[PDB]
Structure formats: C-alpha cells, structure tokens
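**Q** need a 3D model of the sequence below.
(chains A, B, C, D, E, F and G, ligands or ions: 5)
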Amino acid sequence: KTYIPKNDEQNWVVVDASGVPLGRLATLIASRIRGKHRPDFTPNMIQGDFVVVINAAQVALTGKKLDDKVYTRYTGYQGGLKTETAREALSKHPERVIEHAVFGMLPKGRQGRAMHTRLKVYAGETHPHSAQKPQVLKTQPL
Amino acid sequence: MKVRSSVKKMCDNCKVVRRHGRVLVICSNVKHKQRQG
Amino acid sequence: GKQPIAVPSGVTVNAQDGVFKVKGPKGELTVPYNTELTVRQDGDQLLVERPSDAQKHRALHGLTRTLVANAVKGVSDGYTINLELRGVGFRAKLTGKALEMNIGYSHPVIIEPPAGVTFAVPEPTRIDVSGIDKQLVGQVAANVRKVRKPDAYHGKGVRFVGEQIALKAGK
Amino acid sequence: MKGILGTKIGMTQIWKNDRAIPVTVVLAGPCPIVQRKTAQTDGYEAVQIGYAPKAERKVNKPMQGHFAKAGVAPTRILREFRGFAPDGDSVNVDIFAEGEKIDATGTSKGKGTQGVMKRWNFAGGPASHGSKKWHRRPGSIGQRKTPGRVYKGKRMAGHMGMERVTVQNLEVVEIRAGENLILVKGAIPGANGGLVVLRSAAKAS
RNA sequence: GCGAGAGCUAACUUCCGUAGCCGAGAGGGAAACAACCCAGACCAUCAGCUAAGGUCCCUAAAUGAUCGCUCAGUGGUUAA
RNA sequence: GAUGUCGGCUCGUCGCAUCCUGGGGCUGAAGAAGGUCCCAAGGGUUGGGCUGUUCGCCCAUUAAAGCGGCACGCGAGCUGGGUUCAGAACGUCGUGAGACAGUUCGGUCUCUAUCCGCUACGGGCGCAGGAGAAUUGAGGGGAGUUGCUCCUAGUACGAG
RNA sequence: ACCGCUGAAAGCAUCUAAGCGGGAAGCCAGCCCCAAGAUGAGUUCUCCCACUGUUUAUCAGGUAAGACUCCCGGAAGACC
Ligand SMILES: [Mg+2]
Ligand SMILES: [Mg+2]
Ligand SMILES: [Mg+2]
Ligand SMILES: [Mg+2]
Ligand SMILES: [Mg+2]
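**A** Residues are numbered from 1 along each chain as shown, chains lettered A, B, ... in the order given. Ligands and ions are numbered 1, 2, ... in the order given. Please find the structure below.
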C-alpha cells in the first residue's frame, strides 16, 4: 500500500568545501547522495541527488593535517606492500580527500558502489564548471 | 644523551622546559643532560 | 608584564585588519599578528591590549608586544650581528654579496645571503651580518656560526665578537 | 631526451690505442619526423619518429593518411621520444658524439618457459644424496597454517626474456654517418636485426 | 557476581558455598559473540507505547538545551 | 573415524629489544682508536674442521659475521643423520618372560592438484559507430650493500 | 633523534606554548620495468562514410575502411 517509484528526475547540486571541516561537509554530501528529503523516499533504489564539489583543496581539518590524519592504502600481497600518505601530503590528489570521506559514509553494497558515480569533486572555484552544462542548484552547508 | 625515565632536579642550575611531548632538561653541566625518550 | 612601546621619528604604523604593516626609513617591513589581541595608538607612544587574562592570552601578550618592538627598532636603528673567527689560518673573504670562508675544510665554504640581509668583513677574522628583519638576521648569522661551532678544547671556529667559551683540555 | 631508432647489426673486435674494445655495430638509420606532439594539441611535449621503409602496397589507408599529413613515405616502426624537438628529420650526425655515454634499449632474446633455476637463480637440489627433486624444482612455496596464501610476487617458473631492457651509460666509440653507423662499447639487449633505441643518458654520471 | 580454600590474591585453572542465566532460551543491546544488560516467542497486522541500549553519515531516532572541563585524537593500550 | 615429530637442504617474508653501514647527544671525548645512550629495519650479514645435532668450541676471514616470529616457518617440496616398531649385541635390572637413565650395528618417506592462493599464457565481453597506428601514468612492482687506496695532508690536533 | 633563529607565559632566562630554519643508508619524488578491466575503461593522429530489407519475416542481409581463415617461415613460442 505505501507509495511506489519515479526516476525521470536527476537533480544536480553544487557544494563548496572552503573552510568546511571535512567530516561535517562529508555528512551533508553523503546524505544528499543517498536520500535526505528523499524524492519517492524508498531505499530499494538510488533516489539521491548528484553532488558536485568545488574548492576540494581548501577543505578544513582541525588538530591534524600534517599529523595523525593518515590515508593507509595497503597494496597487493603485502610483501611489505603497506603504502601511507599524510593529509597535508594530499597536496598531490586533493579530489581524493573528499571522495574517501564520502564513500566512507555510504553503503557498501552493489547499489552503494554505484553511488560514488554521483559525486563529482574538483579542487578549483570558478573553473570547475566542467560537469556543469546541466542544472547546478547551489546548496550551502550550514 | 642519558635517558632516565624520571627527570628530577639534581643541583640549583637545572631547567625543566616542556618540548615535543616529553620531560626534558637544559642544565649548565654537559653531563647533567636528562630526557625521557 | 609588558606595556610601553616607543615609536620615534619617521614611523608609519598601519595596524589595520590582520596585516599589522609597519613602514619606515631603513625599509618597509610587514608582519602578521593575532586578531583577538587589540593594538593601535592611545597617546604619543604604542600599546598592545589583551582581553582575556587567563593563561593562553598572557603568553601571546608579551609575544606581540616584543615583536612590533623589534620591527620598529628595525625600521630606524636597524640590526647588525658581529661574529669573530678563531683558529689557525681561519679567514673569510668576499665574492660579491657572498661570504667565502676558509675554516680548516678541504674545500672552501660559500654562503649566499637572502633578499634583505647584507654581509660585511672589516678585518678578515671578523664577520658582520646586518639586516632589516631581526629574525632573518638571527636565522642567517645562525647558519654562519654553524659552519664551525667553537669546540670544547681550543674554542676554534665562529663565535660572537664578545662570546665567552669554557674550555675542557684533554692532555 | 636526444634519441634515435636503429637496427642492432652485430658484435666485433676493435682497437683504440692498444686496448681491444668489444663493439656493437648499430645502424641508426634516417628517422623521418612523422608527428610533433605539443601541450596545446597532445597535452604533453614529444616527437613521433619512424624507422624501416615499407613497400607502399603493404601500407593501409589509415597509415597512408597519417604518413601523408607529414609528407614522409611509409616507415614500419613509429616511436615517440619525449622532450625532444630539433627540426628537419633525425639522423645520428650531431645527435651523438664520440665519447658520449648513451642508454641503448632493446627487447631481450626471449627464452620461453624457464624454470626457477634459469629464471630466478634458484639452487635446485642435490644431484645424489637421495633425490626426486634433483636439480630444478623450487623449494617450499610458503610457510604452514598462517598465510594460507603463497606470497604475491613469489619467484616461480614462467616466460623468460622477450622484455624491455635499457642498458645504461654505454660509451660511443665510433660514428660513421652517411654509412649511418654507430659503434657502442659493450652489449645492447635483443638479437641481431632487432630494434634498438639509442637515447641520451637517462641520468648521466 | 559475591564468600572461601588450593594456585603466583596466575589461568577461558581447580574445588566447595551462594544467586542468576546457558544447558533446554528465540527476540532487542553489547561491531561480531551460550554466559553479561534488557526481556521469557499461542497465531495473524504495511497499527501504537516502552526496556536495555541509543539519536553526525554507514544506521532507526536532538549535528538537542544550559553551565563547565580536556587540545592529548586523550577519548580509542597498565604501573613504580 | 590421525593436526607427521629433531636436524639438514630449498625457498622466503616479518618484528626491532640494530651485528654492519647512515644520522645524533654525552663521555673519565686532544687526535687516532673507543665506551654509552638516542633516532634508524634500506640493503647487507663469509667459507671450512668436530658432532645427527639446534647450540657450542676451534681454523681462516670480514663492514658485520644480529636476535627473534612465521604449527620450535617450510616432508601432497627433498633428505632421513637424531628419536619411537619388528632383528641382534653390550652394560645394568628382573628367578623369569622381559625391561631401560643407557649405548651400539641394521632397518618400505605413498607417478596423476578439485577449490582458494601463486607464476606464466590465451579466449570472451565491455570501454555508445566500424577500423590501423602513436600515447598520458592513476596506480603498482624492481632496485637499494660495502671495503680498500690515493688526494686534501704528514695538515688540524699532539711534548712526542 | 638532535642542533639552532625570533620569543612570551615567568620585568630575566628558554629551540615552543603563535610562527621559523637545519637535519639520516630510512619516507615521498627521481632510475629501470608493468600499467586505462584507471567499468572513474583517458588522450592524439589517420581512414571508411551515413547502404538495403512489406502493417509475413520485429532488425537481420549485401558491404566500406579493415581484418580473419589458409599456406610458407621465424634470434616468437608448450598450446594459443
Ligand atoms: Mg646444483
Ligand atoms: Mg599496581
Ligand atoms: Mg612428535
Ligand atoms: Mg606440508
Ligand atoms: Mg631540510
């Protein structure tokens, strides 16, 4: 008896990372990506919005950027295949720092994995208008 | 470098200045150097 | 406690915003400081005012005070460190703005000054490091004293013009 | 940086002063410039050079156009050389000089499937004190119940050779341009009548 | 758990006393997890209130309200 | 209704409480040679004689000849010298049959890999037309050792 | 690790609480090799060109550029 599905609605959203503390920005994205206000509201399928992120490079981090915040990618058979970057050390690929916080707060299933396809991260400001040919409604964090 | 896990005063010259997460010493006599790591 | 700041002659202090820019005759200095700590002119001279009187602010009080007191001194009086070479055949020349020292090392040592500091040699056993920024002057004369520190047996190496060196003696 | 394509000709004995030098005769033939790659068009800076002449009949339409766009006349081999520009069409003259240390790279003569002894050095086993595992056979592939796995990367029997090998800092002994030849001290990888790539020393000593 | 002996005031040790649960106990909680916390399943419902636990996102529900403390990632390995 | 057990070999990988190299602080550190502590696991860590030996002692070297984990790592990988079957002997014990804290000589180690894992090699489909070529490098792996001699300079240092 | 620069709290002093520089065979890059199944499947150059087929045959069939099959071989290779 409860309400069924409609999909012919893909909503694009622009979110700015500038000065926002990672986890707190992550929460917002991860929530709009799954379903917060939720269109049909059902969990059986992907109802969430598409989230474009700008200024990925300027995301904020508290007591540790150079310290403690350590990404820990541990490669093929561990013939000491234990690679690790610091968070300051993500002056290499900053578009990943947002990505790994967001996927981290998303379901881990078949559908869950299909969700990262909706997160588009970019390190710049006025220039990231790449994946910005469709709609691009701007949503500020809090 | 004389690593004594207990840095206490020995004479009226010793100075206990807190640095990079440890109990250090900057005394007058070079032998009197005490650190906890 | 630290409060009075003497601002003589041609001083152009502009503590507007977070850019507490202090201009003068010797050269124009730029130095950033805390926003939660107040600073401007409340009379003839200068004063730094702290709001909170707990512990965290008292440390930053004496910090900001002495730092502008050093930038002001720099724009009028300036700064000059006087270093003395000690030891057999230890001598320093000059190759432009570069300090060419000969201090018992197989190949001579060359030090290039940064944009704002100047090297001087009166007698070739005396080095003068003169500049605008006390930090940079300290940080530079620091590197020269490091080329050869006074050893604990014969005091040989770079020492300050009036520096005292205790001596051990082995044999 | 600087570079050329050639064909390994062979090895001989030469003398310079009184010292006998083992030389590798290489034909670093003319290499027409076939495509220039710029940051503006290709996203990076490089040059596409070509090596052995191909009969026009043997060349297909897609390759005909690509060669025609530069007015070259079909090669057969096409290689890129990064951060290399010099105008015209690449030959060894002034590209290389007698004495220059170079990095000659080829494709090692392939030796098919090879046991852990030949391929990895191994040690095999006793020829006599009671075997079954006489000479080649690796030992123990792992441990016991802990890593129920065998380590990834484990040195085992496989296809040996037929690989890219860059031999560093080879000395340039002689150069006969017009004869389009270049003598190199030592041994270059790959078999005679094979493709070699002579480049300016990757990181010279 | 509590009260003792044996033991090194060891053991997921042993042996008595005592209370509970598991054994023969599903359900929620404790990431997972006989035993601990809550609670004892007659069957059906696409109704409602609670318990222990919880209320950033994975993950249900306050990114609650007030006065404080701690900047060590302590919280998220013990002692002289 | 079976989880093969010492030592060798083969093959590795890991910890660091570091044997050598690397960086430091203190020294009762003049110099050269060191002592001790701190940081440091990248690579390296020799060949023999004796014993089944692990160990240990010895020879000859070395920059050094590290310590420990991985079912005292590894027998569907090899050995079978040690130990634990049946034979036989010695010493001891038992009246005996026998026994061992022992010692000694002898003594069958099972052609075919299903899944996972590992090395190599293809076939398929994908990558929004069908094709022939040239590529950027997200990522991954390999490599990583060290002596002696000379120069600086018979200089700094040392009375020598 | 350790050595310093400017420097308060703590009228002095202090490499540290703000900030700064130096500093290992270690870390990240550089060297050599693999690498877009990097399903996030990328880039560039060149080619072929927009056929035909009944409400019975629902997308198959001639084709282009190109390739494959087969033959003769190979410093390629178990087969491929
Ligand atoms: Mg052999
Ligand atoms: Mg206690
Ligand atoms: Mg056993
Ligand atoms: Mg086994
Ligand atoms: Mg540095």
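**Q** center of chain A - which residue?
**A** residue A:102 (3.9 Å; Cα atoms, centre = their mean).
**Q** tell me the SS of that one?
**A** Classification of residue A:102 by DSSP: H, G, I helix; E, B strand; the rest coil places it in helix.
**Q** now stretch C:111-122: buried residues?
**A** For stretch C:111-122, burial by neighbour count (16 or more other Cβ atoms under 10 Å in any protein chain shown) applies to C:111, C:113, C:117, C:119, C:121. Just so you know, the C-beta spots here come from the backbone N, C-alpha and C atoms, and that holds for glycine as well.
**Q** ok, stretch A:97-115 next?
**A** A:97-99, A:101-103, A:106, A:115.
**Q** how far is stretch D:64-84 from where the chain is centred?
**A** 20 Å (Cα atoms, centre = their mean, to the nearest Å).
**Q** returning to that earlier point: closest to chain D out of the buried residues of stretch A:97-115?
**A** residue A:99 (23.5 Å; Cβ to the nearest Cβ).
**Q** so what's the closest one up against?
**A** A:116, A:119, A:121 (Cβ atoms under 8 Å, 6 or more residues apart in numbering or on different chains).
**Q** show me which of the residues you listed neighbour chain D.
**A** Residues shared between these and the neighbourhood of chain D: none [Cβ under 8 Å from any Cβ of the partner chain].
**Q** list only those of these flagged as buried.
**A** A:119, A:121.
**Q** identify the residues contacting the nearest residue to residue D:81 once chain neighbours are set aside.
**A** Once flanking residues are discounted, residue D:81 sits nearest to residue D:3: 4.2 Å by Cβ to Cβ, 6 or more residues apart in numbering or on different chains. With contacts defined as Cβ under 8 Å, 6+ apart, the neighbours of residue D:3 are D:49, D:81, D:84, D:95, D:197-200.
**Q** which ones among these map onto helices?
**A** Using DSSP state H, the subset of the contacts of residue D:3 located in helices is empty.
**Q** now for residue D:85: which residues touch it?
**A** D:36, D:45, D:47.
**Q** so how far is the longest strand seen in chain C off the chain centroid?
**A** As assigned by DSSP state E, the longest strand anywhere in chain C is strand C:79-86. Mean-position distance between strand C:79-86 and its chain equals 12 Å (Cα atoms, centre = their mean).
**Q** and what of stretch D:38-47?
**A** For stretch D:38-47, the distance to the chain centre is 24 Å (Cα atoms, centre = their mean).
**Q** from one end of it to the other, what's the distance?
**A** With Cα to Cα, to the nearest Å as the measure, stretch D:38-47 spans 9 Å from end to end.
**Q** pull the number of nearby residues for residue 19.
**A** Unless you meant another one, I'm taking chain A. Per other Cβ atoms under 10 Å in any protein chain shown, the neighbour tally for residue A:19 reads 11.
**Q** think we crossed wires, I meant chain D
**A** That count, for residue D:19 with other Cβ under 10 Å as the rule, works out to 7.
**Q** ditto for residue A:68
**A** When counting by other Cβ under 10 Å, one arrives at 11 neighbours for residue A:68.
**Q** before we move on, what about residue C:147?
**A** 16.
**Q** any residues of chain B in contact with RNA strand E? List them.
**A** B:5-6, B:21 (Cβ under 7 Å from any atom of the strand).
**Q** can I get those residues in TSV with secondary structure?
**A** Listed next are the residues of chain B next to RNA strand E as TSV, based on three-state DSSP:
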residue	secondary structure
B:5	coil
B:6	coil
B:21	coil
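**Q** doesn't residue D:26 make contact with residue D:11?
**A** No: contact status for residue D:11 versus residue D:26: not in contact, 10.4 Å apart, counting by Cβ atoms under 8 Å.
**Q** tell me the buried residues in stretch A:46-65?
**A** A:46-57, A:59, A:61, A:65.
**Q** and the helices in chain B?
**A** Taking DSSP H as the criterion, chain B carries no helices.
**Q** got the contact list for the residue of it found nearest chain D?
**A** Chain B approaches chain D most closely through residue B:37 (33.4 Å), counting by Cβ to the nearest Cβ. By Cβ under 8 Å, 6+ apart, the contact set of residue B:37 is B:3, B:22.
**Q** for chain B, what spans make up the strands?
**A** B:2-3, B:34-35.
**Q** let me have those in a markdown table, extended by mean neighbour count.
**A** Rendered in a markdown table, the data for the strands of chain B read as follows (neighbours: other Cβ atoms under 10 Å in any protein chain shown):
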| stretch | mean neighbour count |
| --- | --- |
| strand B:2-3 | 10 |
| strand B:34-35 | 18 |
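**Q** ok, of the contacts of residue D:85, which come out buried?
**A** Applying 16+ other Cβ under 10 Å to the contacts of residue D:85 flags residue D:47 as buried.
**Q** the contacts of residue D:85 in strands, which ones?
**A** D:36, D:47.
**Q** out of the contacts of residue D:85, who's nearest RNA strand E?
**A** residue D:45 (43.4 Å; Cβ to the nearest atom of the strand).
**Q** measure that closest one to RNA strand G for me?
**A** Noted for residue D:45: a distance of 13 Å to RNA strand G, by Cβ to the nearest atom of the strand, to the nearest Å.
**Q** ok, residue C:117 next?
**A** From residue C:117 to RNA strand G the distance is 11 Å (Cβ to the nearest atom of the strand).
**Q** just residue C:99 next, same as before
**A** 16 Å.
**Q** ok, the helix or strand where that residue lies near RNA strand F or not?
**A** For residue C:99, the host element (DSSP states H and E) is strand C:99-102. No: Strand C:99-102 lies apart from RNA strand F when judged by Cβ under 7 Å from any atom of the strand; the minimum separation is 10.4 Å.
**Q** how close does the residue of chain A found nearest RNA strand F sit to residue A:86?
**A** Closest residue of chain A to RNA strand F, Cβ to the nearest atom of the strand: residue A:80 (2.8 Å). Using Cβ to Cβ, to the nearest Å, residue A:80 is found at 19 Å from residue A:86.
**Q** helix/strand/coil for residue A:96?
**A** Quick answer, by three-state DSSP: residue A:96 is helix.
**Q** out of the buried residues of stretch C:111-122, list just those in strands.
**A** C:111, C:117, C:119.
**Q** for the second one, what are its contacts?
**A** Which is residue C:117. C:129-133, C:136-137, C:140.
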